[PDB]
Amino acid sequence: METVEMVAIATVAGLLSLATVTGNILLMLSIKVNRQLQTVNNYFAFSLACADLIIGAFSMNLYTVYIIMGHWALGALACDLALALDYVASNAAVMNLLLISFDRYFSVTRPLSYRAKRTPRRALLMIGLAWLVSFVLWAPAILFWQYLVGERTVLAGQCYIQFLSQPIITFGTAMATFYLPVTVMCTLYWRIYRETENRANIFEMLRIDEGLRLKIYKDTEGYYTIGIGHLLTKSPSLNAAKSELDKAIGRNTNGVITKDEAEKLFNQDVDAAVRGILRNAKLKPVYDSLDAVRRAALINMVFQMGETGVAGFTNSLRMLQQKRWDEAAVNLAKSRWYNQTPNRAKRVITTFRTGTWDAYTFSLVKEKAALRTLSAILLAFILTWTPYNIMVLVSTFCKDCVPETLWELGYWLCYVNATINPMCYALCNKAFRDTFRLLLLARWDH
């Protein structure tokens, strides 16, 4: 290799390493330095940042020395240990994306029953096991394959995994580290998106009908409440209500909360109501029969009158599961419920009639930073790891088809995932972008 090429690769690969080290350090420090970022899902973001910091600092720079020198001059032990660090960190990154996806999946689908398991202690447990499973998966086969075969077939001046020499084995590892994780995460995301728009529609429906209060108030019974009828305490103390609010939110609210904190509290309530419906023998068959829109109209009724109240509408409930909506609408209107809240009752009854949201005027689903970040990091993994996995795919159908130059470039693209991951957080999350900016400006000063 020419000296002109040596300096150029060193500068470009060196700046890439610098951009990767900085970005993942900013991500780790942002979570450390900012309280608003100290959340359960960001424990996984920090864990992912640690894996990407190893890729940037170690893997990238060692790969550069290997390319520039044209051979491996550090010995077989140094080779096998460096391969172990590289594969274990790359797999720990994939396993961390799986932890982010699953946590986000359960927190949206099961907000009540999962956010009782969703502690920083359980995040740390899942993180450690992800790093341990990653090590136990790659490191023993990297170091001991030569001993099971009876020969080290990797030549001196060469560094690669011996068991990956056959393309089908490499394809097997690609199925387990790319194809299956990606299919699992895409399926998890489509469920997360569908649930989010479903839950947002129930929130906007009840916001119109019941009303949203961002400050502590008293309900009809005189108990302290917040949001869309979220009971804080039965205790006749405002400080007891404020303390129960801070325990539920995770911050010193002082009796005032945001719409998103009021939506999170409402989604636990939807889960509590849906648990009741499925446990009630009179509401369970009708709810199972109904579609997503009519399910929300039943939830609306439950939120207003209670479990037994809605169960009192025996003939309307029968007509709704028989798909005779015009008939069900007649019986629902001839009630004390319609007489008290005519505007709200008509809107609910129309929802049961049409099966649409026409009685209300709903906006498209507001994609929150969490959903957007998840989609961005998933697309970042698919984009940067696709070239290498296509190269693996074609190598199974054609022996030595893939040029050495292409393996080299596809490996570099895998590494680029570690560079673009902190960018996904900065583009999607305002709090990350401002903390990254704050930290960079603070470092520039002094």
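In this text, residue numbers run from 1 along the sequence as written.
If you average the C-alpha B-factors over 374 to 382 and over 65 to 73, the higher value belongs to 65 to 73. Relative to its counterpart among 171 to 179 and 251 to 259, 251 to 259 has the higher mean temperature factor, C-alpha atoms as listed in the PDB entry. Ranking 343, 90, 268, 289 by the C-alpha B-factor listed in the PDB entry places 289 at the top. Of the candidates 86, 80, 204, 358, it is 358 whose Cα B-factor is highest according to the PDB record. Sort the chain's modelled residues by C-alpha temperature factor and residue 401 lands in the highest third, per the entry. Placement of the Cα temperature factor of residue 152 within the chain: lowest third of the modelled residues, per the deposited record. Residue 196: CA B factor in the middle third of modelled residues in this chain (values from the PDB entry). Among the modelled residues of its chain, residue 105 has a C-alpha B-factor that falls in the middle third, as given in the PDB entry. Ranked against the other modelled residues of its chain, the C-alpha B-factor of residue 293 as given in the entry falls in the highest third.
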